[PDB]
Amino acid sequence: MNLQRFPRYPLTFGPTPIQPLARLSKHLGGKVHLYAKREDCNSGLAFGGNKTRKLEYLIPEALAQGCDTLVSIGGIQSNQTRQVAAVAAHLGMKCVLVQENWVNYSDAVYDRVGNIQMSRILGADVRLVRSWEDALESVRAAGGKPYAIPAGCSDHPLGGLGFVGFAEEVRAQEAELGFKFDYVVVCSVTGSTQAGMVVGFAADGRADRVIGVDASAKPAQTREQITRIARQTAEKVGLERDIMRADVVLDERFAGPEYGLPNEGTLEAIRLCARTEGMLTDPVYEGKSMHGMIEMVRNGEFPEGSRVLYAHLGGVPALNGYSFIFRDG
């Protein structure tokens, strides 16, 4: 394939580090070697995260098109919109953000801390609620040229390139390390993160080793979006092969009870990971994929001796909108 055909706008410090989770691995029996790739520490732009890796490939187009405003959308504690607000500021572009409450949740400071607080400080015009279209038009009607960034960058022609590159990066680091990882655990909701990885690893025959962990609580739909985006993306990078449904793995056992709400297992995994490795995860995304990986290692689902690369996508700031649950740890 050929990812290099598309220009990448640098928004990250460079490749993200891989760290061993020796303590957590030993805690769970030492029969499986866990590692984490820190996408959550990839940028100095408001904490970054996977979304920022996705955006490096959308910005060249936004600039080429002469757009002067980044417009996006997400739930109240969306990580995507906060990263988009930080990139706009950094790029010298205006920013319009359509925030909808996508979660059946109602904490007192939900719309004033964490991600959305940062977006307002970063200068974004945060509009709390046709939602999407009205925003885009309003920009034109005001004399601007908006660049449309769909939820999570996922349903965008370029939204899948960022993680095809992740696979690339991983091969290079694997070479450096002198070994390869057997599986990759990643949280999936809108889909272009796992889709990019599916494609990038298809290139070396490990697509079905990318273990997605649904956090949408609507697996069928999510599973479909990953499959779709992947096929489209694989076509755009000239993957010498078509992506099959068998290339897509999405575990649905840890998404409950709803998108945006943690279950007791989610909280326990967040606590265990934090307390054994000093690495925080959130109750919406990463805590769910962390919960999945921990559970997998525990049920002996990984063969003894495997090397699992947990992709930490970010999300930590949302912790602030869930303060009551964590009041005592």
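In this text, rigid core is short for the largest set of C-alphas that superpose within 1.5 Å between two forms. For every residue, the number given is its place in the sequence shown, counted from 1.
- Greater C-alpha displacement in 5 other deposited structures of this protein (rigid core superposition, RMS over structures and residues), of 165 to 173 versus 240 to 248: 240 to 248.
- In this entry, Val129 and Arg130 are separated by 4 to 9 residues of the deposited sequence that lack coordinates.
- Checked against the record, the higher mean CA B factor of 182 to 190 and 241 to 249 lies with 241 to 249.
- When the C-alpha B-factors of 103 to 111 and 152 to 160 are averaged, 152 to 160 comes out higher.
- The PDB entry assigns the greatest CA B-factor among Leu280, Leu58, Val32, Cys41 to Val32.
- Residue-level inspection of the entry shows that, of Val98, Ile121, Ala203, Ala255, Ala203 has the top Cα B-factor.
- In the PDB entry, a CA B factor belonging to the middle third of its chain's modelled residues is recorded for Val198.
- Residue-level temperature factors show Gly305 in the highest third of its chain, judged at the C-alpha atom.
- In the PDB entry, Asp125 places in the middle third of its chain by CA B-factor.
- Compared with the other modelled residues of the chain, the Cα B-factor recorded for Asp68 ranks in the highest third.
- The deposited CA B-factor of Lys37 belongs to the middle third of values across its chain.
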